[PDB]
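Structure file start.pdb with PDB, C-alpha atoms (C1' of nucleotides):
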ATOM      1  CA  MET A   1     -90.714  77.111  12.561
ATOM      2  CA  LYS A   2     -92.753  78.571   9.703
ATOM      3  CA  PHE A   3     -95.279  81.373  10.183
ATOM      4  CA  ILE A   4     -98.443  82.231   8.269
ATOM      5  CA  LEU A   5     -99.592  85.857   8.076
ATOM      6  CA  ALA A   6    -103.285  86.752   7.669
ATOM      7  CA  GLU A   7    -104.035  83.265   6.273
ATOM      8  CA  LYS A   8    -102.458  84.551   3.034
ATOM      9  CA  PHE A   9     -98.657  84.715   3.249
ATOM     10  CA  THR A  10     -96.172  82.206   4.612
ATOM     11  CA  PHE A  11     -92.657  83.022   5.762
ATOM     12  CA  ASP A  12     -89.860  81.394   7.654
ATOM     13  CA  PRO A  13     -87.342  83.130   9.942
ATOM     14  CA  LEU A  14     -84.542  80.729   9.006
ATOM     15  CA  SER A  15     -84.488  80.890   5.196
ATOM     16  CA  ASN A  16     -86.137  84.295   4.542
ATOM     17  CA  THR A  17     -88.663  83.334   1.885
ATOM     18  CA  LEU A  18     -92.188  84.583   1.277
ATOM     19  CA  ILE A  19     -94.965  82.634  -0.438
ATOM     20  CA  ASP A  20     -98.345  84.068  -1.424
ATOM     21  CA  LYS A  21    -101.144  81.510  -1.606
ATOM     22  CA  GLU A  22    -102.895  83.537  -4.312
ATOM     23  CA  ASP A  23     -99.796  83.141  -6.526
ATOM     24  CA  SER A  24     -97.984  80.056  -5.246
ATOM     25  CA  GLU A  25     -95.726  79.930  -8.316
ATOM     26  CA  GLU A  26     -93.973  83.239  -7.545
ATOM     27  CA  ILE A  27     -91.664  83.175  -4.527
ATOM     28  CA  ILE A  28     -91.201  86.610  -2.948
ATOM     29  CA  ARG A  29     -87.627  87.557  -2.048
ATOM     30  CA  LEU A  30     -87.059  89.789   0.977
ATOM     31  CA  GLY A  31     -83.994  91.427   2.441
ATOM     32  CA  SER A  32     -82.490  90.174   5.671
ATOM     33  CA  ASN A  33     -83.250  93.329   7.663
ATOM     34  CA  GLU A  34     -86.950  93.569   6.806
ATOM     35  CA  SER A  35     -87.368  89.812   7.229
ATOM     36  CA  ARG A  36     -85.851  89.911  10.708
ATOM     37  CA  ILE A  37     -87.997  92.934  11.603
ATOM     38  CA  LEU A  38     -91.144  91.085  10.532
ATOM     39  CA  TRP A  39     -90.074  87.951  12.413
ATOM     40  CA  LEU A  40     -89.548  90.050  15.544
ATOM     41  CA  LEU A  41     -93.007  91.531  15.026
ATOM     42  CA  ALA A  42     -94.425  88.007  14.738
ATOM     43  CA  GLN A  43     -92.715  86.911  17.965
ATOM     44  CA  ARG A  44     -94.931  89.428  19.785
ATOM     45  CA  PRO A  45     -98.389  88.916  18.265
ATOM     46  CA  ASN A  46    -100.173  92.201  17.660
ATOM     47  CA  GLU A  47     -98.788  94.216  20.548
ATOM     48  CA  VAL A  48     -96.823  97.448  20.279
ATOM     49  CA  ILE A  49     -93.035  97.246  20.149
ATOM     50  CA  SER A  50     -90.775 100.255  20.595
ATOM     51  CA  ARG A  51     -88.847 101.604  17.628
ATOM     52  CA  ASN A  52     -85.767 101.859  19.846
ATOM     53  CA  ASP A  53     -85.993  98.305  21.196
ATOM     54  CA  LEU A  54     -86.785  96.634  17.872
ATOM     55  CA  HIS A  55     -84.051  98.661  16.157
ATOM     56  CA  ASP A  56     -81.422  97.730  18.729
ATOM     57  CA  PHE A  57     -82.451  94.076  18.705
ATOM     58  CA  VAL A  58     -82.324  93.931  14.907
ATOM     59  CA  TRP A  59     -79.058  95.753  14.231
ATOM     60  CA  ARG A  60     -76.839  95.470  17.317
ATOM     61  CA  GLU A  61     -76.856  91.676  17.020
ATOM     62  CA  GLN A  62     -75.685  92.357  13.465
ATOM     63  CA  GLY A  63     -72.629  93.922  15.114
ATOM     64  CA  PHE A  64     -72.944  97.342  13.471
ATOM     65  CA  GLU A  65     -74.746 100.601  14.184
ATOM     66  CA  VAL A  66     -76.922 102.563  11.752
ATOM     67  CA  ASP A  67     -79.133 105.631  11.944
ATOM     68  CA  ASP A  68     -82.875 105.457  12.566
ATOM     69  CA  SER A  69     -83.798 106.348   8.984
ATOM     70  CA  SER A  70     -82.726 102.807   8.074
ATOM     71  CA  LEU A  71     -85.585 101.424  10.169
ATOM     72  CA  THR A  72     -88.137 103.608   8.406
ATOM     73  CA  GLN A  73     -86.775 102.636   4.998
ATOM     74  CA  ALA A  74     -86.842  98.942   5.920
ATOM     75  CA  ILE A  75     -90.471  99.203   7.023
ATOM     76  CA  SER A  76     -91.288 101.100   3.831
ATOM     77  CA  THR A  77     -89.809  98.308   1.716
ATOM     78  CA  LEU A  78     -91.620  95.715   3.846
ATOM     79  CA  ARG A  79     -94.975  97.401   3.254
ATOM     80  CA  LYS A  80     -94.220  97.907  -0.441
ATOM     81  CA  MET A  81     -93.152  94.347  -1.238
ATOM     82  CA  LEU A  82     -95.978  92.815   0.811
ATOM     83  CA  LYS A  83     -98.383  95.025  -1.203
ATOM     84  CA  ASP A  84     -99.849  96.134   2.118
ATOM     85  CA  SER A  85    -101.967  99.280   2.127
ATOM     86  CA  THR A  86    -100.120 102.586   1.878
ATOM     87  CA  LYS A  87    -101.588 103.989   5.098
ATOM     88  CA  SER A  88    -104.517 101.783   6.057
ATOM     89  CA  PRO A  89    -104.050  99.273   8.915
ATOM     90  CA  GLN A  90    -104.263  96.011   6.962
ATOM     91  CA  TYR A  91    -101.093  94.058   7.812
ATOM     92  CA  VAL A  92     -98.435  96.400   9.260
ATOM     93  CA  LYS A  93     -98.822  99.940  10.589
ATOM     94  CA  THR A  94     -96.891 102.559  12.549
ATOM     95  CA  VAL A  95     -98.238 103.913  15.838
ATOM     96  CA  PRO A  96     -96.649 107.313  16.578
ATOM     97  CA  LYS A  97     -94.597 107.962  19.713
ATOM     98  CA  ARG A  98     -95.087 104.322  20.700
ATOM     99  CA  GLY A  99     -93.697 102.142  17.912
ATOM    100  CA  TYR A 100     -94.807  99.648  15.278
ATOM    101  CA  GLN A 101     -97.800  97.332  14.966
ATOM    102  CA  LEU A 102     -98.768  94.241  12.994
ATOM    103  CA  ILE A 103    -102.313  93.254  12.082
ATOM    104  CA  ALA A 104    -101.828  89.983  10.161
ATOM    105  CA  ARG A 105    -102.688  86.828  12.091
ATOM    106  CA  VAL A 106     -99.969  84.445  13.307
ATOM    107  CA  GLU A 107    -100.269  80.766  12.346
ATOM    108  CA  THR A 108     -97.308  78.599  13.353
ATOM    109  CA  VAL A 109     -96.951  75.760  10.852
ATOM    110  CA  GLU A 110     -94.627  73.782  13.127
TER     111      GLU A 110
ATOM    112  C1'  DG B   1     -61.970 220.571  12.051
ATOM    113  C1'  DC B   2     -63.662 219.584  16.705
ATOM    114  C1'  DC B   3     -66.541 217.614  20.775
ATOM    115  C1'  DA B   4     -68.903 213.599  22.808
ATOM    116  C1'  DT B   5     -71.044 209.513  23.228
ATOM    117  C1'  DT B   6     -70.770 204.339  21.638
ATOM    118  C1'  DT B   7     -68.007 200.388  20.649
ATOM    119  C1'  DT B   8     -64.423 197.267  21.280
ATOM    120  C1'  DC B   9     -60.704 194.721  23.596
ATOM    121  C1'  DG B  10     -58.204 192.947  27.756
ATOM    122  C1'  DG B  11     -52.315 185.401  28.078
ATOM    123  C1'  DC B  12     -52.025 179.974  28.255
ATOM    124  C1'  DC B  13     -52.797 175.137  30.772
ATOM    125  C1'  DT B  14     -55.471 172.295  35.027
ATOM    126  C1'  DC B  15     -60.138 171.552  38.237
ATOM    127  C1'  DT B  16     -65.275 172.380  38.094
ATOM    128  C1'  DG B  17     -70.860 170.385  38.732
ATOM    129  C1'  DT B  18     -77.530 173.148  39.196
ATOM    130  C1'  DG B  19     -81.445 172.516  42.297
ATOM    131  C1'  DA B  20     -83.388 177.454  46.279
ATOM    132  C1'  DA B  21     -90.412 183.409  45.074
ATOM    133  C1'  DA B  22     -94.482 184.255  42.391
ATOM    134  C1'  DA B  23    -101.912 182.672  44.674
ATOM    135  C1'  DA B  24    -108.374 180.014  41.004
ATOM    136  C1'  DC B  25    -112.002 176.987  40.058
ATOM    137  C1'  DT B  26    -115.967 174.645  37.337
ATOM    138  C1'  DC B  27    -118.597 172.270  33.695
ATOM    139  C1'  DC B  28    -118.906 169.840  29.226
ATOM    140  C1'  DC B  29    -117.195 167.171  25.462
ATOM    141  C1'  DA B  30    -113.997 164.756  22.420
ATOM    142  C1'  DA B  31    -109.940 162.001  21.601
ATOM    143  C1'  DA B  32    -106.231 159.400  23.075
ATOM    144  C1'  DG B  33    -104.777 155.620  26.074
ATOM    145  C1'  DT B  34    -105.419 151.191  28.605
ATOM    146  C1'  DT B  35    -106.981 146.501  28.537
ATOM    147  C1'  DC B  36    -109.167 142.306  26.962
ATOM    148  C1'  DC B  37    -110.306 138.925  23.574
ATOM    149  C1'  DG B  38    -110.431 136.777  19.249
ATOM    150  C1'  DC B  39    -108.365 135.658  14.681
ATOM    151  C1'  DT B  40    -104.323 134.980  12.016
ATOM    152  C1'  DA B  41     -99.553 134.512  10.671
ATOM    153  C1'  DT B  42     -95.131 132.604  11.721
ATOM    154  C1'  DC B  43     -91.886 129.545  13.526
ATOM    155  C1'  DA B  44     -89.584 125.819  16.547
ATOM    156  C1'  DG B  45     -89.920 120.741  17.639
ATOM    157  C1'  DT B  46     -90.900 116.143  16.338
ATOM    158  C1'  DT B  47     -92.309 112.233  13.952
ATOM    159  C1'  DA B  48     -92.977 109.293  10.035
ATOM    160  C1'  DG B  49     -92.850 108.295   4.792
ATOM    161  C1'  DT B  50     -91.301 107.814  -0.102
ATOM    162  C1'  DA B  51     -88.255 108.093  -3.992
ATOM    163  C1'  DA B  52     -83.574 108.465  -5.180
ATOM    164  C1'  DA B  53     -78.626 108.747  -4.723
ATOM    165  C1'  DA B  54     -74.477 106.862  -2.697
ATOM    166  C1'  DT B  55     -71.811 103.546  -1.237
ATOM    167  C1'  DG B  56     -70.286  98.981  -0.246
ATOM    168  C1'  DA B  57     -70.582  94.032  -0.930
ATOM    169  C1'  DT B  58     -70.700  90.318  -3.741
ATOM    170  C1'  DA B  59     -70.578  88.061  -8.273
ATOM    171  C1'  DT B  60     -68.707  86.962 -12.637
ATOM    172  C1'  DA B  61     -65.297  87.015 -15.921
ATOM    173  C1'  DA B  62     -60.432  86.698 -17.339
ATOM    174  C1'  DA B  63     -54.450  86.981 -16.644
ATOM    175  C1'  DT B  64     -51.087  84.849 -15.650
ATOM    176  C1'  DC B  65     -48.200  82.334 -12.999
ATOM    177  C1'  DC B  66     -46.251  78.874 -10.430
ATOM    178  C1'  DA B  67     -45.417  74.003  -9.224
ATOM    179  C1'  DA B  68     -45.267  69.526 -10.500
ATOM    180  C1'  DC B  69     -44.570  66.017 -13.928
TER     181       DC B  69
END

Kindly transcribe the structure held in the file into structure tokens.
Amino acid sequence: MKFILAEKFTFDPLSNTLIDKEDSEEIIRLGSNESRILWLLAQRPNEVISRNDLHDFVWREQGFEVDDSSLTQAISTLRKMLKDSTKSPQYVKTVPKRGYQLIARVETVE
DNA sequence: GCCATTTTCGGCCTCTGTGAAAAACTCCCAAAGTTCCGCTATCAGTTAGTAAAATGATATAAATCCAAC
């Protein structure tokens, strides 16, 4: 099933592609880790998810263990490639001591 | 040269513990000490972020080599 974020981007959890409607010619390529993190965010629309829980769901299914700086770097690359605001709450933000938040709307294509 | 008064010495080791008298108050003033509170510096504890380096994984190109005709 394909998801639409903030009526602007479209993304699918199964093929890991991003499409911007403003520039439909340029497909945006994302890494597997950030794509799975964003999909997990989309599964829970706009409610807080713990850093610990999202981290362990993303990487323990991968079969291997990494430090928690990897999560921060993945979110940094997610915000950078999406051209989301550096620290304003436009699409994705970080809520301290509680976890991570998404602001973009969820539109299931099918 | 001779009294006549001072000065100077008198063994080594070992344990040992000393409190033991003695009688004024009063007023004024300045500085140190005690305490409380506020500001400031300094550090542990924690979280998150961004750019870059490091490292591994995959990709792309050949060497050659081995089996079948």

Query raised in the report: If you apply the PyMOL selection byres ((chain B) within 8 of (chain A)) to this file, what residues do you get, as a ChimeraX atom specification?
Result: /B:47-50

**Report entry** Chain and number of each residue from the PyMOL selection byres ((chain A and resi 34) around 9), as a ChimeraX atom specification
**Finding:** /A:30-33,35-39,71,74-75,77-78

Query raised in the report: In Å, how far is it from CA of residue 90 (chain A) to CA of residue 103 (chain A)?
Result: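 Pair CA of residue 90 (chain A) / CA of residue 103 (chain A) returns 6.1 Å.
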
Requested in this report: Could you tell me which residues the PyMOL selection byres ((chain A and resi 21-25) around 6) grabs in this file, written as a VMD selection string?
Outcome: chain A and resid 8 20 26

Requested in this report: Would you list the residues near (-102.3, 90.9, 7.2) (no more than 8 Å away, in the coordinates of the file, using only C-alpha atoms (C1' of nucleotides)) as number ranges by chain?
Outcome: A: 5-8, 84, 90-92, 102-105

Selected residues written out, C-alpha atoms, as a compact mmCIF listing (two decimals), keeping the file's coordinate frame:
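Result saved to selection25.txt:
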# COMPACT_ATOMS: atom_id res chain seq x y z
CA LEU A 5 -99.59 85.86 8.08
CA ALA A 6 -103.28 86.75 7.67
CA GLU A 7 -104.04 83.26 6.27
CA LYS A 8 -102.46 84.55 3.03
CA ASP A 84 -99.85 96.13 2.12
CA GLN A 90 -104.26 96.01 6.96
CA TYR A 91 -101.09 94.06 7.81
CA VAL A 92 -98.44 96.40 9.26
CA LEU A 102 -98.77 94.24 12.99
CA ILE A 103 -102.31 93.25 12.08
CA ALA A 104 -101.83 89.98 10.16
CA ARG A 105 -102.69 86.83 12.09

Query raised in the report: Between CA of residue 83 (chain A) and CA of residue 109 (chain A), what is the spacing in Å?
Result: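 One can read the CA of residue 109 (chain A) to CA of residue 83 (chain A) distance as 22.8 Å.
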
Report task. Would you mind reading off the distance between CA of residue 56 (chain A) and CA of residue 100 (chain A), one decimal, in Å? Result ->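 CA of residue 100 (chain A) lies 14.0 Å from CA of residue 56 (chain A).
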
Would you compute the box with edges along x, y and z of the file around region 85-94 of chain A, including every atom the file lists for it and 8 Å extra on each side, and give its centre and edge lengths in Å to one decimal, as lines of an AutoDock Vina configuration file?
center_x = -100.7
center_y = 99.0
center_z = 7.2
size_x = 23.6
size_y = 25.9
size_z = 26.7
